[PDB]
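Encoded as structure tokens, the structure appears first; notes follow it.
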Amino acid sequence: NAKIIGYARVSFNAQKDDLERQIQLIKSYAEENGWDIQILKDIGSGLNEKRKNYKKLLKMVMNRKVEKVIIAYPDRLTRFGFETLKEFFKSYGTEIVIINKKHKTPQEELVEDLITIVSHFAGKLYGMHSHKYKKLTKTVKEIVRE
Amino acid sequence: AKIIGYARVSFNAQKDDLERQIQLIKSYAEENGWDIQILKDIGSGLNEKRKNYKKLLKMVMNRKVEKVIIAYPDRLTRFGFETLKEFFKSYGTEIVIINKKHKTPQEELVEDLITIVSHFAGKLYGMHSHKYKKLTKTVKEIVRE
């Protein structure tokens with residue numbers, strides 16, 4: 001139809017109270033505006049383009065079933081490519097509503113997304129478990145995990 | 001009903017590789033019976049605001065493009081490739097990759113890592129703070145030797 005959908009996520013199950021927070025924020029935003037809403041969520045990183053409920057959302061939007069996507073803040077939706085996403089969303093007739101533009105993003109996802117990304121580049125630069133791979137990854141790891 | 005080739009390198013010093021990409025794309029299309037137009041940028045695959053990349057995405061959203069031909073996936077974008085490919089599909093647009101296994105240029109890896117580390121460091125600790133400068137400089141020292 002012209003559905004209104006909320007999307008929430010966190011990377012780790014340990015952040016589940018925060019997830020339930022995002023959900024309540026979105027849920028009462030909808031209720032303030034008198035909107036029926038279906039809410040979708042993942043527990044998984046914003047680097048993961050294969051998030052199950054996220055991909056469900058994407059498919060609804062690309063099939064022109066969605067009027068508005070409501071999120072607490074941008075990096076909940078995806079870590080990279082938000083602007084590309086926003087443009088493609090408009091082309092289907094879909095707005096992204098950001099409730100809390102400036103909201104402080106959870107520090108542990110910044111740490112763990114960075115570690116994931118450094119590993120990926122270190123692998124390509126030097127080869128998995130090579131001397132330079134170990135050096136770079138464990139150095140970055142030491143700085144951010146303390 | 002249009003086939004676009006897209007070529008990208010990050011720096012001016014790589015202009016010779018950019019032209020190599022273009023001849024690869026051009027000869028691929030001629031061999032296979034395809035009429036083609038070339039779009040090209042000098043800029044990082046991390047940069048969502050590259051001029052011709054933006055132009056290409058608009059052309060796809062306007063249903064002008066049947067196929068996009070690239071040398072290898074990270075020419076088009078560093079991240080979000082699979083999501084982008086599905087957006088393309090929704091508009092009738094196939095991505096043709098010429099050399100799937102091709103080795104990506106080392107220096108783009110070096111500098112894209114530096115860029116990513118700087119974004120995350122800035123989010124972690126604040127731009128130009130002490131921990132910021134520690135993290136970014138420690139990474140810089142390692143990857144640039």
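Chain labels follow the order of the structure tokens: the first chain is A, the next B, and so on; residue numbering restarts at 1 in every chain, and ligands are counted from 1 in their shown order.
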Inset, instruction - Please return, as a PyMOL selection string, all residues of chain A lying within 10 Å of chain B when only C-alpha atoms are considered. - result: chain A and resi 47-50+55+58-59+62-63+78-85+87-92+104-108+110-111+113-115+117-118+120-122+124-126+132+135-137+139-140+143-144
Inset, instruction - Go through chain B and collect every residue that DSSP, computed from the backbone, puts in strand (DSSP E or B); the answer should be as a PyMOL selection string. - result: chain B and resi 3-9+36-42+67-70+94-97
Inset, instruction - Would you list the contacts of residue 6 of chain B as a VMD selection string, taking every protein, DNA or RNA residue within 9 Å and counting only C-alpha atoms, but skipping same-chain residues closer than 6 positions in sequence? - result: chain B and resid 21 to 22 25 37 to 41 52 to 53 56 68 to 71 75 to 76
Quick one: write out the picked residues with N, CA, C and O atoms as a CSV table (one decimal), in the first residue's frame?
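The new file out35.csv reads:
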chain,number,residue,atom,x,y,z
B,21,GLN,N,41.7,0.6,-18.1
B,21,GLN,CA,40.3,0.2,-17.8
B,21,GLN,C,39.3,0.6,-19.0
B,21,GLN,O,38.5,-0.3,-19.4
B,22,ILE,N,39.5,1.7,-19.6
B,22,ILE,CA,38.6,2.2,-20.7
B,22,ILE,C,38.8,1.3,-21.9
B,22,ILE,O,37.8,1.0,-22.6
B,25,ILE,N,37.2,-2.1,-21.3
B,25,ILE,CA,35.8,-2.0,-21.4
B,25,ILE,C,35.3,-1.9,-22.9
B,25,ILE,O,34.5,-2.6,-23.4
B,37,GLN,N,28.9,3.8,-24.2
B,37,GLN,CA,29.3,5.2,-23.8
B,37,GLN,C,30.2,5.0,-22.5
B,37,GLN,O,30.0,4.1,-21.7
B,38,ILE,N,31.2,5.8,-22.4
B,38,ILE,CA,32.1,5.8,-21.2
B,38,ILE,C,31.9,6.9,-20.2
B,38,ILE,O,31.7,8.0,-20.6
B,39,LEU,N,31.8,6.5,-19.0
B,39,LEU,CA,31.8,7.5,-17.9
B,39,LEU,C,33.0,7.2,-17.0
B,39,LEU,O,33.4,6.0,-16.8
B,40,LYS,N,33.6,8.2,-16.4
B,40,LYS,CA,34.8,8.0,-15.7
B,40,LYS,C,35.0,9.0,-14.6
B,40,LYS,O,34.6,10.2,-14.7
B,41,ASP,N,35.6,8.6,-13.5
B,41,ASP,CA,36.0,9.6,-12.4
B,41,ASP,C,37.4,9.3,-11.9
B,41,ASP,O,37.8,8.2,-11.9
B,52,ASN,N,30.5,11.6,-12.1
B,52,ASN,CA,30.0,10.7,-13.1
B,52,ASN,C,29.3,9.5,-12.5
B,52,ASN,O,28.4,8.9,-13.1
B,53,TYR,N,29.7,9.1,-11.3
B,53,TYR,CA,29.1,8.1,-10.6
B,53,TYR,C,27.6,8.5,-10.2
B,53,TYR,O,26.7,7.8,-10.5
B,56,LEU,N,25.6,8.5,-13.4
B,56,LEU,CA,25.3,7.1,-13.7
B,56,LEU,C,24.1,6.6,-12.9
B,56,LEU,O,23.2,6.0,-13.4
B,68,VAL,N,25.8,-1.9,-17.1
B,68,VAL,CA,26.9,-1.2,-16.6
B,68,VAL,C,28.1,-2.1,-16.7
B,68,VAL,O,28.1,-3.2,-16.1
B,69,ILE,N,29.2,-1.7,-17.4
B,69,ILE,CA,30.4,-2.6,-17.5
B,69,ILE,C,31.5,-2.0,-16.8
B,69,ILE,O,31.8,-0.8,-17.0
B,70,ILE,N,32.1,-2.8,-15.9
B,70,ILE,CA,33.2,-2.3,-15.1
B,70,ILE,C,34.3,-3.4,-15.1
B,70,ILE,O,34.0,-4.6,-15.4
B,71,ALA,N,35.6,-3.0,-14.9
B,71,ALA,CA,36.7,-4.0,-14.9
B,71,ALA,C,36.6,-4.9,-13.7
B,71,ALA,O,36.9,-6.1,-13.9
B,75,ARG,N,35.8,-0.9,-8.6
B,75,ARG,CA,35.8,0.3,-9.5
B,75,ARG,C,34.6,1.1,-9.3
B,75,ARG,O,34.6,2.4,-9.3
B,76,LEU,N,33.5,0.4,-9.1
B,76,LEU,CA,32.2,1.1,-9.0
B,76,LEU,C,32.0,1.7,-7.6
B,76,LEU,O,31.6,2.9,-7.5
Legend entry - Members of segment 33-92 of chain A assigned helix (DSSP H, G or I) by DSSP, as a ChimeraX atom specification: /A:52-62,74-77,82-91
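One distance worth recording is that between atom CA of residue 15 of chain A and atom CA of residue 33 of chain A, which is 27.8 Å.
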Inset, instruction - For residue 9 of chain B, list every protein, DNA or RNA residue within 8 Å, evaluated using only C-alpha atoms, and leave out those in the same chain fewer than 4 positions away; present the list as a PyMOL selection string. - result: chain B and resi 14-15+17-18+41-44+75
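Our summary of the geometry notes that atom CA of residue 122 of chain B is positioned 29.6 Å from atom CA of residue 53 of chain A.
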